[PDB]
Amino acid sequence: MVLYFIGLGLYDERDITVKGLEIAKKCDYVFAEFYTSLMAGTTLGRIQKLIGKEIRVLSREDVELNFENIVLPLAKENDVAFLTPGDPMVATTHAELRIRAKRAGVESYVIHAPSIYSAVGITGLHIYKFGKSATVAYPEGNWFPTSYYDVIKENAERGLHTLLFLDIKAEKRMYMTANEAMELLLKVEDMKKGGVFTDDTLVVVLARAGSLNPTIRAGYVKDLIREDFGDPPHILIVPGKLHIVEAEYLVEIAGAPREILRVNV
C-alpha cells in the first residue's frame, strides 16, 4: 500500500542515504528511472548489488505515460520503491507523480538525497544568492533557444548567481561539457549583444559533485573555455557580484585568479 520515492544522490551508489538504502531493501519491488539524469560514477549493476534487489528500469514514456499502470498497481499490495538520481521531487515532472499515487489510493513518501541545487555550496558561493535556475540546451536544426541567457542577465542584474544545468541526452548518455556551454553562450551573446556573457565574464565550473575529488574551477571565460574539467557531469555557474569571502574561496580553493578580488567584488 506504500510507494517510496527514493533519491540516489549525486554521483555513485554510495550517494543514497542510509534511510533510502534500508527502505529500498525492505521493498518488494524496486523501479528506477534514468532519463531525468544519470549517475556518472556508478552503474545499474552496482546499484543493484548494493540494494540487493533487481531493479526494473523505466523509460520517460514508461513514467510520464504509464506510471499508474506499471508502478502503482503493485503498490496497492506491496511496498514499492521508485529510485531517481539526485533528490526526488527536484526534476520538474516528478511532483505530480504523487498526485497520481493519491488518485490511485496509494500512499507515497519521499526519501531525500543530495542534489546539485544544494551541492553547489561547495563552490564557496552563498546559496542564498542564487537566483532563478536554467538549463543550457543544444541548438537543433532551425531552433536556437536562448532563454537561459536572459535568466543570467536578470539574475546578474540583481547581484544573484545563476546555476546552469547543461544539456543531457540521457538515453544516449551524452553530456554537454562546460566548454560547449561557454561556446554556446558566447554565440548567443554575439546574437543578442546584451553584454551578459563575454570573454571577460567570471564563471565557475563544478564537475562530478558527490565524488570525493570533484573539479572546482573559477576563472574568466577567455581562460577556461578550452580548459579540461574532466569527465561529466559538468555544471556551469555565472556568479553575480561576489562578496569578498566568496572570492577568497574561489581563489584559495577553486584556483581563480587574484584579479577577481578587485574586479568582481
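Heads up: residue numbers just count along the shown sequence, starting at 1.
Inset, instruction - Between 170 to 178 and 97 to 105, name whichever shows the higher mean Cα B factor according to the PDB entry. - result: Result of the comparison: 170 to 178.
Exercise. Compare the mean C-alpha B-factor of 71 to 79 with that of 153 to 161 as given in the PDB entry, and name the stretch with the higher value.
Key: Here the higher of the two C-alpha B-factor means belongs to 71 to 79.
_Out of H112, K132, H126, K192, residue topping the C-alpha B-factor column of the entry_ = Result of the comparison over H112, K132, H126, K192: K192.
Q: Sorting the chain's modelled residues by C-alpha B-factor, tell me whether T146 ends up in the lowest, middle or highest third.
A: Middle third - that is where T146 ends up once the chain's C-alpha B-factors are sorted.
Q. Relative to the other modelled residues in the chain, which third contains the C-alpha temperature factor of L212: lowest, middle or highest?
A. Tercile = middle for this residue's CA B-factor.
message = Ranking the modelled residues of this chain by C-alpha B-factor as given in the entry, is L3 in the lowest, middle or highest third?
response = It falls in the middle third of the chain.
| field | Ranked C-alpha temperature factor of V204 among modelled chain residues, by third | value | Tercile = lowest for this residue's CA B-factor.
Lowest, middle or highest third - CA B-factor, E252
Tercile = middle for this residue's CA B-factor.
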